[PDB]
> 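Dumping the structure here so I can ask a few things about it.
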Amino acid sequence: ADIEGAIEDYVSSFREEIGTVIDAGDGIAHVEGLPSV
Amino acid sequence: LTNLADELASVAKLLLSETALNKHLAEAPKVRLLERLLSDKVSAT
């Protein structure tokens, strides 16, 4: 179960959070990221 | 080449076993994660 720590360190490796618009239409936008929103 | 193929097959079956890593990896730190995970478990190539 050591890999859990490695992946946690990886995700923590990525300061203000910035998301990315992944789709948009009809006045709605979906944004990936922003884990703390 | 044979050793590389065997190692890659083992890696593929492992990745299939745990889909969480693939999910979190599909989206430079990726490499560092790879060495910290299985740097020596697989050959240099």
Side-chain angles (χ1 to χ4, degrees):
Chain A
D2 64 62
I3 62 183
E4 281 79 345
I7 59 174
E8 287 293 344
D9 306 323
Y10 161 52
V11 59
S12 307
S13 196
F14 281 100
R15 80 292 182 275
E16 65 183 1
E17 298 178 357
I18 302 176
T20 287
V21 178
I22 52 165
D23 70 40
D26 313 312
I28 295 289
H30 285 87
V31 186
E32 88 179 3
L34 296 174
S36 72
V37 76
Chain B
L1 276 72
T2 56
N3 311 321
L4 185 144
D6 314 322
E7 296 149 44
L8 281 176
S10 43
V11 161
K13 57 177 214 172
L14 267 297
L15 288 147
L16 192 147
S17 173
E18 61 273 15
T19 189
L21 171 53
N22 201 344
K23 291 148 52 49
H24 295 105
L25 184 50
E27 295 107 357
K30 304 158 115 173
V31 182
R32 192 183 67 88
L33 167 66
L34 294 176
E35 292 83 4
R36 182 183 58 243
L37 272 166
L38 53 85
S39 163
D40 202 359
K41 266 207 172 190
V42 304
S43 72
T45 46

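Sequence lines set the chain letters: A, B, ... in the order given, protein chains first and strands last, and positions in each chain run from 1. Basis for what follows: all heavy atoms, side chains included, without hydrogens, waters or symmetry-related copies.
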> Examine A/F14 and B/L25 and state if one hydrophobic cluster contains both, with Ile, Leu, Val, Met, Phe, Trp and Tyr joined whenever side-chain heavy atoms are less than 4.5 Å apart.
yes

> Can you confirm whether A/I28 is buried at CD1, in the sense that more than 12 heavy atoms of other residues, nucleotides or ligands lie under 6.0 Å from that atom?
no

> Do we see a donor-acceptor contact under 3.5 Å between the side chains of B/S43 and B/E7?
yes

> Which atom names give the shortest non-hydrogen contact between A/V37 and A/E17, and what distance separates them?
N-OE1, 4.2 Å

> Where the side chain of B/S10 meets the backbone of B/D6, is there a donor-acceptor pair that is under 3.5 Å apart?
yes

> Is B/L37 linked to B/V11 within one hydrophobic cluster, defined over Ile, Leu, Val, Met, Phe, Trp and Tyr using a side-chain heavy-atom separation of less than 4.5 Å?
yes

> Please check if the number of heavy atoms outside A/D23 that lie under 6.0 Å from its CG is greater than 12.
yes

> To the nearest 0.5 angstrom, please state how far the CD atom of B/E27 sits from the OG1 atom of A/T20.
11.5 Å

> How far does OG1 of B/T19 sit from NE2 of B/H24, to the nearest 0.5 angstrom?
9.5 Å

> Calculate, to the nearest 0.5 Å, the distance between atoms OG and CD belonging to A/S36 and A/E16 respectively.
10.5 Å

> B/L14 and A/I7: same hydrophobic cluster, using ILVMFWY side-chain contacts below 4.5 Å?
no

> Quick one: pull up CZ in B/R32 and CG in B/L34 and give me the separation to the nearest 0.5 Å.
10.5 Å

> Is there a donor-acceptor contact under 3.5 Å from the side chain of B/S17 to the main chain of B/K13?
no

> Which atom pair, heavy atoms only, marks the closest approach of A/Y10 to B/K30?
OH-CG, 3.7 Å

> So B/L21 and B/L15, do their side chains get closer than 4.5 Å, heavy atoms only?
yes

> Cluster question for you: counting only ILVMFWY and a side-chain heavy-atom cut-off of under 4.5 Å, with indirect links fine, are A/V21 and A/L34 together?
yes

